[PDB]
Amino acid sequence: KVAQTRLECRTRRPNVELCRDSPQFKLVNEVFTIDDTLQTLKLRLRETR
Amino acid sequence: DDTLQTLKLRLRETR
Amino acid sequence: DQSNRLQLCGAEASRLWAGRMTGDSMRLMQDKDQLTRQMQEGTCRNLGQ
Amino acid sequence: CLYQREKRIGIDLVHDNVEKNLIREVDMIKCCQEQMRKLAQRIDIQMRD
Amino acid sequence: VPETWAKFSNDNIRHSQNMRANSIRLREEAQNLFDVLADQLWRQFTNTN
Amino acid sequence: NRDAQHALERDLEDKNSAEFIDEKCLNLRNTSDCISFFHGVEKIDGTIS
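Draft legend 1. Focus on the state of the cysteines. Tallied over the entire structure, the rule returns zero disulfides over all chains. Distance from the sulfur of A:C9, which forms no disulfide, to the nearest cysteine sulfur (F:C25) is 5.4 Å. On the accessibility criterion, A:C9 (12% relative accessible area) is buried.

Next comes the structure, spelled out in structure tokens:
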């Protein structure tokens, strides 16, 4: 939720200031990694059940 | 699964 | 005798399996928490730069 | 400082960026204390539980 | 009552872990409030100056 | 000179809006309110600069 709320507010930047920088890379990276984290956690939960 | 994550990291970086 | 031995062996098989699963489950939790915290603070520092 | 604005006499007796900045600072500090007190009360209820 | 060893609930432990997790959430909330509230106060102070 | 001043002050207000977006993203925490889910992560990468 932190990642996606940071990502949404930073697309409303003004015209010349809409900049693909390294924070965009870190936010996309963190969204993908936390998705993979969540996935392996529910797989382990199913095995434990 | 972690090496796959490292390879995805390097893919995004090189792109 | 085969029935008794099979029941006791099945109980101890379930023993060793669930014990190893519970022992392995905590390291995944700890590593995922550390990874999440470190990447979020990296995102914040990048935003500051 | 807001009380020290008052003894100003003449055509300077207007409301500027400094006046609204001081008003915003005062309201921000009052909200600061209110949030901290409400959080302390929640901590008290949790401690009782 | 069988002999009170055929039991796997003792719900006081579960309730107590729930309260411990809730208190950890409250402590994290207070630390985040400390950081962001101090930072906001500096921003307003330097804007007024 | 007036035209060049207009171009400069254009770029100033763009930078200031980018500022406000950047501190509002930096202030965000885990326990902070006004936070929500946003499925649209893969469309934020479309930028210009």
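Text resumes after the structure shown.
Draft legend 2. Structural context of the arrangement of the chains. Once contacts are tallied for each of the seven pairs of chains in contact, the highest total is for chains A and F. Taking C-alpha atoms as the reference, chain C and chain E come no closer than 13 Å and do not contact one another. You won't find any contact between chain B and chain F; their C-alpha atoms come no closer than 12 Å.

Draft legend 3. Examining helix α1 (residues 12-48) of chain E more closely. Given a rise of 1.5 Å per residue, 37 residues ought to cover 54 Å, and the 54 Å separating the end C-alpha atoms of α1(E) matches this to within 8%. Those residues of α1(E) not exposed but buried are E:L26, E:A30, E:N32, E:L33, E:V36, E:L37, E:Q44 and E:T48. Here the buried face of α1(E) lies against α1 (17-48) of chain D together with α1 (2-27) of chain F.

Draft legend 4. The arrangement of the interface of chain A and chain C in detail. Taken together, the contact between chain A and chain C spans 13 residues of the former and twelve residues of the latter. When the two sides are added together, the surface that chain A and chain C hide from each other amounts to roughly 1,400 Å², 64% of it contributed by carbon and sulfur. Among the residues chain A hides against chain C, the three largest losses belong to A:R6, A:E30 and A:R44. Together they make up 38% of the total. Linking chain A to chain C there are one salt bridge. Elements represented by at least two residues in the side of chain A that touches chain C include exactly α1 (2-9) and α2 (22-48) of chain A. Partitioned by chemical class, the residues of the side of chain A that touches chain C number three nonpolar, four polar and six charged.

Draft legend 5. Seen up close, the environment of A:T48. Residue and element names in this part refer to chain A. Mapped onto the secondary structure, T48 falls in helix α2. Separated by 21 residues in sequence, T48 and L27 have C-alpha atoms that sit 32 Å apart. There is a polar contact of 2.7 Å between the side chain of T48 and the backbone oxygen of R44.

So, how was this worked out
- Residues numbered from 1 in each chain as written, not as in the entry; some residues may be left out.
- Chains lettered and ligands numbered in written order.
- Part of a larger assembly, values for the part shown.
- Heavy atoms only, no water.
- Disulfide = S-S within 2.5 Å.
- Buried < 20%, exposed > 50% of the residue type's maximum accessible area, 1.4 Å probe, protein only.
- Contact = heavy atoms within 4.5 Å.
- Helix = DSSP H or I, 4+ residues; strand = E, 2+ residues; numbered from the N terminus.
- Expected span 1.5 Å × (residues − 1).
- Buried area = accessible area lost by both parts, 1.4 Å probe.
- Salt bridge = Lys/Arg side-chain N within 4 Å of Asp/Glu carboxyl O.
- Nonpolar A, V, L, I, M, F, W, Y, C, P; charged D, E, K, R; others polar.
- Polar contact = N/O pair within 3.5 Å; in protein donor to acceptor, adjacent residues only side chain to side chain.

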